[PDB]
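Heads up, what comes next is one protein chain in two forms, each shown on its own as structure tokens, labelled structure 1 and structure 2.
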Structure 1
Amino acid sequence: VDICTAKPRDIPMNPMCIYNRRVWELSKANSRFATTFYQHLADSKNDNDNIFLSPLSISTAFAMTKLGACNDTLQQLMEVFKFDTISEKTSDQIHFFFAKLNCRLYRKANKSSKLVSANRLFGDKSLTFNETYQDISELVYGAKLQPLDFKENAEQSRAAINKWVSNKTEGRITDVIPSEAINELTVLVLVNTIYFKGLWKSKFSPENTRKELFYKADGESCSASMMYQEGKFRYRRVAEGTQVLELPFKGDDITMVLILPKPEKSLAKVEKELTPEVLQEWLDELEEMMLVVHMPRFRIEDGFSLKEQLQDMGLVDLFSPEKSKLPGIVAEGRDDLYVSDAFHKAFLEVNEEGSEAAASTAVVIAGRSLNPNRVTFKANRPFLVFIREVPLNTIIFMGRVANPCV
């Protein structure tokens, strides 16, 4: 069986609990989550810091988790990630469309650019995991269940996962999981990974690239490689002088969208009004135009916990050792599961040839909730970035590039 080909019947979805044109609605759903989550994540940061992440990655990991969710935990999930808006009736049908969307995203003949995904589960070597849950995850998400000794070797295990994530991200996403995040009590770790690399449909020439002092808000300046190029691009300066520039990759199915507010204007004002529709708006008012493009040759890495923002967004049960409800995962062994924490880590690199972005999400069951990590470095004059799949209307990566000095 190949979910990509099958109909919403050739798949014996047996979720314990419950609560085409649909695919689209799902993408809408994901985008809704994205902007919202971005905004929250935005607050937990300095307006002048870098921010990068794959919303899709997160939406995937938590969808995967939901296969074993139940009661409120299940409902909250559905709503928090807006799946509850997909014209359906069963929390179990959503998964079918997600599989489809993933099919269309990573399974194409053309392949002018590389866009792959890889999901995996890591359960304690001594527990018996419910078979249907195990089978569904491997079918709907290509997520096989790998055994790991959490009870006697939490560390070996963590290092294990981080490395598996490393292999799926060409070594770009390494330490997705913080140090003391996994312990003897850890029951399972759900993981998603996404990897991208596309060639600019119009590369930049290195000769045109020049160094240029970049001024850090509070501080001095650091060297920066600014690229230069002239050509036709779908562009548009909108309200308040904000610019929306679209950079297509070979094939045109995946583009990078830049958003920069007028000089002296603050980006924070834009972020508070960011929405799927708002974004769609700009995406429409774009027109082919001859413009000169100055853009830094850079790369940014970002990592963080998602529990905080997610709780604020509505996900409460799942993280509560008391209220969490994930019966469908473990059949016999150690139940009364809850998510200790959830981590994400993304990477973006841009140059003359094109762009390279990678990300990963890891949800941890019954582990230790490591205190929110952090790595600051205020910069200045940031701009928003987006790498989306146009046909599918999917925001694969998004973020705020603030420091071009890398």
Structure 2
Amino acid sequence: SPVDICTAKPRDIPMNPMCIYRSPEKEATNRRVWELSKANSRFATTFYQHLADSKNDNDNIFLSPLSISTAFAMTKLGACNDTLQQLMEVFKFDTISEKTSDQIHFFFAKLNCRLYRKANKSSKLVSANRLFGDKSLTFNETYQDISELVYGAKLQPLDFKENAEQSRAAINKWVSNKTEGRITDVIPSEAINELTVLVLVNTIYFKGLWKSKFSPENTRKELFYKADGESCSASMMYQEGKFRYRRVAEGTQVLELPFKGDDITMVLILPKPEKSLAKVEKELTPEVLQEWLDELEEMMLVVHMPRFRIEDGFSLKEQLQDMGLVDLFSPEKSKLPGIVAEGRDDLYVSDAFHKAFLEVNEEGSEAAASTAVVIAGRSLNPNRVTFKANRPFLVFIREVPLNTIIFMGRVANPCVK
């Protein structure tokens, strides 16, 4: 073969983007891949807190932080100066020993190969990345080749200048194809206009089978009482088995439900019966979570968990700006000269969107998500569909061997609307 970046060694691919940043001084590939995972999780939890804090406590939250990271790592390929430094610091890519910014993508390809280049039994875990550039412009060749080489991202030309809305529909349909119909409207209406230069897209799809499934015979319907609202119907599944469990500080229950193969698991964090999720969420760090996992012991238990689905869609502009990502979104100060032929400097991100889906039932779980960075479109207002319910719990879908948070969120409403 020409190249499988997966087997390749760091001194093989000539992965040399426009600008490089050196992180201040504060196997080697395998240890760096483990370091990338910690970065992603610190980004995950920190990002989670800002998102949580901007939403109602009784509303659902669901996302793929990995997706986001990937999408903005692709965006980082043509960044420069403070925009390059900001991307590095916000996604915690500057927490790895290797100071070079160009090295990050290499380990991200390693990480991605481990994740999605096995296709391991009863654990469909696939990912697709794509760049959608205006059809009249000329993209830097090095940028295109590296984006394809590292992220598997080809550049599909779309007429943004004359057919913006047709282009948006084309991108949403591409995302729909890669997520099995789960993600249908990543880009919201009017996000893409006539001046849109490029859209960077990531998508992840999961479908797992439970290692120990619930039987539909034992599933029963029961009334769920919303915050102040009325009641709704929720389908509660039941099962009795041996699960890795632990009740940590303050009556906080941590339960792990493995997927066939044991490489991918779902983790549930339920706050004490009366208490809220605010404390757990406020003190939520990667290290806290790792401590909890380390305290888990196998144990016979009865599991009552709902059969449900939750979708969540939002802009990421607010939260990332608050986290330190300011330059990228400013027309005036954004620096992305590695994308368009002739090192073009007037590009900035107008908005970035995320749409995630989660479905849990008797046979297993299925998740999907998509991130999309729009360069030079219109910046709109986050259309909030605040759906309040009660007594929420945390959900995490992780890859065990690779220390990776794929999906993450809060299920507050288990009813079927």
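Residue numbering: structure 1 sequence, from 1. Here, rigid core means the biggest group of C-alpha atoms that superpose within 1.5 Å across both forms. Residues that one form lacks are left out of the comparison.
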Item to check | Single mover in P147, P321, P206, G333, with Cα shift of 2 Å or more between the two structures when the core is superposed | outcome: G333
Checklist entry - When the two forms are laid on each other by their rigid core, does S112 show a Cα shift of 2 Å or more between the two structures? => result yes
Checklist entry - What is the Cα shift of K89 between the two structures once the core is superposed, in angstrom? => result 1.7
Checklist entry - Taking the rigid core as the frame of reference, how far in Å is the Cα of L77 displaced between the two structures? => result 0.1
Checklist entry - Can you list the runs of 3 or more residues whose CA atoms move by 2 Å or more between the two structures, with the rigid core superposed? => result 109 to 112, 332 to 335
